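Scroll down for the structure; my scribbles are underneath it.
Derivation of every value follows stated rules applied to the coordinates shown; laboratory data play no part. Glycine gets a Cβ as well: all are built from the backbone with ideal geometry, and neighbour counts include every protein chain shown.
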Amino acid sequence: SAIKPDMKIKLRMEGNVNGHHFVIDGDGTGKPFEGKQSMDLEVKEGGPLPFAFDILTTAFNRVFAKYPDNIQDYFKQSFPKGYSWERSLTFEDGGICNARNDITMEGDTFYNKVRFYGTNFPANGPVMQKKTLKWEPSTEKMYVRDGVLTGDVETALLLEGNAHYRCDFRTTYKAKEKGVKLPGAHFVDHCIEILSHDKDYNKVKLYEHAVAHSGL
């Protein structure tokens, strides 16, 4: 295996939400074979972000997912050359985002070139008013669409006041190396959490646990 039990994570995200530009750095560690990662994120430009930090967090790597032997692990098989993903996030109030990550590996470190663009969030909505509390735990449905590994998530942000704000994800995943075999359909359970933050989320410690399974 190219991938060690303990790996480092380096990340830079650039993006723009509703016209607000930002650059955010990340440094972290994770356990690919346990499906666990954490990272410290720091907003470098555009802070204090005028929208809910939560919309960005799933853009901050399915190599950090515990795969059983009976499911093809496309992500671990993609290394050392790496892979890329592109994601559409569609929110119930018309907010729409497009995100990308190009993931490479240099030695013991995954590098992440992340881009995040959002638009059409209502000025009065929970994203632009910073009323989100967290993503709920989710299940991603992995399958092949038009010959491309695709993951769908139907999820929601919990808001203040016992309300949810629905979002549907579709992610396409592509290994750099020609010939990495597509997996059969399966599920990946996710739980992403902000473990700690400072006043305006200019510093955030983010955690994710993910486990692949067949629904049994």
*Would you be able to say whether some residue in the range 138-150 is out of contact with any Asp or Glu (no Cβ under 6 Å at 6 or more places or on another chain) and under 30 Å from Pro50 (Cβ atoms)?*
yes
*Considering residues of the range 1-30 that are among the polar types (S, T, N, Q) and farther than 30 Å from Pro68 by Cβ only, the residue farthest from the chain's Cα centre (by Cα)*: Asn18
*Can you run down the residue pairs with Cβ atoms below 7 Å, 6 or more apart or on separate chains, where the first is in the range 187-207 and closer than 20 Å to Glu140 by Cβ and the partner is aromatic (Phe, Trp, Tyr)?*
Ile192/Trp135; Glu193/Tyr207; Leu206/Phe60
_Given (1) exposed (fewer than 14 other Cβ atoms within 10 Å of the Cβ); (2) over 18 Å from the mean Cα position of the chain (by Cα), identify the lone condition not met by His213._
(1)
_Number of positions in the range 103-148 that are hydrophobic (A, V, I, L, M, F, W, C), in a strand (DSSP E or B) and either out of contact with any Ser or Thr (no Cβ under 6 Å at 6 or more places or on another chain) or under 22 Å from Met13 (Cα atoms) (or both)_ = 9
*Counting only residues that are more than 14 Å from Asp27 (Cβ to Cβ) and touching an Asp or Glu at 6+ places or on another chain (Cβ under 7 Å), which one in the range 192-206 is surrounded by the most Cβ atoms within 10 Å (Cβ to Cβ)?*
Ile192
*asked:* So, in the range 31-49, exactly how many residues are within 14 Å of the chain's Cα centre (by Cα) and more than 15 Å from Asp198 (Cα to Cα)?
replied: 4
*Of these, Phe22, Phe51, which one is in contact with a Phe, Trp or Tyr (Cβ under 9 Å, 6 or more places away or on another chain) and assigned to a loop (DSSP other than H, G, I, E, B)?*
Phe51
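Residue-wise test of (1) closer than 30 Å to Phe79 by Cα; (2) buried (at least 18 other Cβ atoms within 10 Å of the Cβ); (3) in contact with a helix residue (DSSP H, G or I) (Cβ under 7 Å, 6 or more places away or on another chain).
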site	(1), (2), (3)
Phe121	no, yes, no
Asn124	no, no, no
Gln129	no, no, no
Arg145	yes, no, no
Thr155	yes, yes, no
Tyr165	no, yes, no
*Looking at (1) surrounded by fewer than 20 Cβ atoms within 10 Å (Cβ to Cβ); (2) more than 19 Å from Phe33 (Cβ to Cβ); (3) of a type in the set (A, V, I, L, M), find the lone condition where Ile71 falls short.*
(2)
*Scan the range 157-200 for residues that are more than 18 Å from the chain's Cα centre (by Cα) and small (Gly, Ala, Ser) and jot them down.*
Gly161, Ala163, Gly179, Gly184, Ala185
